[PDB]
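# Breakdown of the fold
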Amino acid sequence: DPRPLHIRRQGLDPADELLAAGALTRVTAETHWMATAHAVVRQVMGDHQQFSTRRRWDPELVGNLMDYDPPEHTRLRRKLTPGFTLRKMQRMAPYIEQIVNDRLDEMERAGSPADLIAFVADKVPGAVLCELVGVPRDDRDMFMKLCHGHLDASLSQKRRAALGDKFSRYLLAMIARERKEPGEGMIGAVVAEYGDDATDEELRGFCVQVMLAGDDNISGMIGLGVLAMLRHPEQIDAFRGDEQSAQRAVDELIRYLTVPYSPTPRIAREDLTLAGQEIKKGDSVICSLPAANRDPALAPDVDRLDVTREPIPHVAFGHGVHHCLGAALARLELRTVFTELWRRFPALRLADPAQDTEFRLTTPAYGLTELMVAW
Ligand code: HEM
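Residues numbered from 1 in each chain as written, not as in the entry; some residues may be left out. Heavy atoms only, no water.

For this coordinate set, the PDB header names X-ray crystallography as the determination method and states a resolution of 1.70 Å.

Put into structure tokens, the structure is as follows:
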């Protein structure tokens, strides 16, 4: 197998060989350090003074938070933060419920059995991001096409450049409308707070980064999440009670499934000794978030999904100053999807108990390509 250890999974778990990798070891044509222990990953990601983020990494946008470190990163994140406050996330909840129920309506109309990934997992995330950004409902299909299209390598140059011209024109008019009268969306929140200090280029950059950062991780979580819950049916009761129970179940699913294989690679800013290893200035460190969230020190049963467990402080959203800017949105979106899904389809089940599981192996986030369910 040519695939790097950190990208290997076995079912819903990290592959056995990744789970047996030491806390911090060398892996290889580039050679890097691979961190698998929870405390080592926390040390690497939390210490931005010794470990900077590799720039222009792909699992160049202006104001792409992942490219900078404090203080430059701190100023940029500060500027974007207004679009992600907890009070603003609370106000999104009804909109997110409506998006989810509109997709569950299309699935319901198609009839049992149906593919949950095509109807729900692959559609809800981008619609929630459009809602967050401030894109008008009737423009969302077009917006998703323009945004991903201007970055689609499989297209012809002519096609990709035309989509990019349209995307720019669309974004700039949206930005001008928000500056004139700020709305409740992300752009409006940034310009309401910082006005002209937030440049059009920064805003365009913030928009693209967010569209890219909150899509695959969420669709992977919706698909894998439903599959995990169906495999542990008694635990579905956590989505049939109070909000706190549902929130704890979402956090547990996020930890147990850890869809991102790794955060941005980190570069040693100088020589240092970590976990008994000699790290030299310039060395690259890849953090296996899935392995770190299965660290035996975290719990005797860290390898089991248990939505009622004493919560385990996981690294699936990262750690330190770059900790996922959309984490609260993600938790809310996921809780909404699962709560509404089981409210609508109480008898949800795999369409065929013996059906194969179709894993999504081509994306930076683990997930499913299809999931046939009955109800
Ligand atoms: C369950 C889903 C999600 C997971 C597991 C996830 C995971 C992560 C991780 C691991 C990082 C840190 C990367 C690093 O330190 O190198 C990160 C950063 C980030 N995430 Fe997420 N994310 C999710 C959903 C979202 C959503 C929905 C949004 C957008 C609304 C989002 C926006 C971002 C942004 C902008 C950053 C960069 C923050 C910074 O560099 O300061 N994420 N995410």
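Past the structure itself, the notes keep going.
## Observations concerning the overall build of the protein
Looking only at helices and strands, the protein features 14 helices and 14 strands. Relative to the compact-globule value of 21 Å for 375 residues, the protein shows a C-alpha radius of gyration of 21 Å, a close match. With 375 residues in all, the protein has 51% of them scored as buried. Carbon and sulfur atoms make up 49% of the accessible area of the protein, which amounts to about 18200 Å² in all. In the protein, 47 side chains carry a positive charge and 56 a negative one; their mean positions are 3 Å apart. (Helix = DSSP H or I, 4+ residues; strand = E, 2+ residues; numbered from the N terminus. Rg over C-alpha atoms; globule rule 2.2 N^0.38 Å. Buried < 20%, exposed > 50% of the residue type's maximum accessible area, 1.4 Å probe, protein only. Areas by Shrake-Rupley, 256 points an atom, 1.4 Å probe, with all protein chains shown as cover. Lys, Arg positive; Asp, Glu negative; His and termini not counted. Charge placed at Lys NZ, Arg CZ, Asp CG, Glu CD.)

## Examining the pairing of strand 10 (residues 284–287)
What you see with strand 10 is no split at all: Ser284 and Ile286 on one side and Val285 and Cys287 on the other are buried throughout. As judged from the three bridges shared by strand 4 (residues 32–35) and strand 10, these two strands associate in the parallel manner. Its bridge partner lying in strand 10, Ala35 is registered against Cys287. Pairing between strand 7 (residues 266–268) and strand 10: two bridges, direction antiparallel. Of the residues in strand 10, the one forming a bridge with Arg266 is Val285. (Pairing = 2+ DSSP bridges.)

## Structural notes on the site of the ligand
As a matter of local geometry, the ligand sits amid 28 residues, with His73, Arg77, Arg266, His322 and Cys324 nearest to it. The side chain of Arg77 places a nitrogen or oxygen atom 2.7 Å from an oxygen atom of the ligand. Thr264 places a main-chain nitrogen or oxygen 2.8 Å from an oxygen atom of the ligand. Elements with a contribution of two residues or more to the shell around the ligand: helix 3 (72–80), helix 6 (124–133), helix 11 (216–231) and helix 14 (327–344). Looking at which element gives the most residues to the shell around the ligand, the answer is helix 11, with three residues. Per-class residue counts for the shell around the ligand are 19 nonpolar, seven polar and two charged. (Near = heavy atom within 4 Å. Polar contact = N/O pair within 3.5 Å; in protein donor to acceptor, adjacent residues only side chain to side chain. Nonpolar A, V, L, I, M, F, W, Y, C, P; charged D, E, K, R; others polar.)

## A word on the sheet that holds strand 5 (residues 51–53)
Taken in spatial order, the five strands of this open sheet run 3-4-10-7-5, and their pairing is mixed. The open sheet is flanked by strand 3 (24–27) and strand 5, the only strands paired with a single partner. Averaged over neighbouring strand pairs, the angle between their axes works out to 35° when direction is ignored. One ladder, built from three bridges, connects strand 5 with strand 7; its direction is antiparallel. Residue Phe51 lies in a different strand from strand 7, and its bridge partner there is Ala268. Most of the contacts of helix 2 (residues 38–46) go to strand 10, to which it runs at about 125°, and overall it touches strand 3, strand 4, strand 5, strand 7 and strand 10. (Axes fitted to C-alpha atoms, helices over the stretch in contact; angles between N-to-C directions. Contact = heavy atoms within 4.5 Å.)

## Overview of the packing of helix 3 against helix 10 (residues 200–213)
Direction vectors running N to C along helix 3 and helix 10 enclose 80°, while the axes themselves pass 11 Å from each other. Here helix 10 runs roughly perpendicular to helix 3, going by the angle between their axes. Side by side, helix 3 and helix 10 meet where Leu76, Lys79 and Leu80 of the first sit next to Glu202, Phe206 and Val210 of the second. Counted by class, the contact of helix 3 with helix 10 contains four nonpolar, no polar and two charged residues. (Parallel < 35°, antiparallel > 145°, perpendicular 65-115°, else oblique.)

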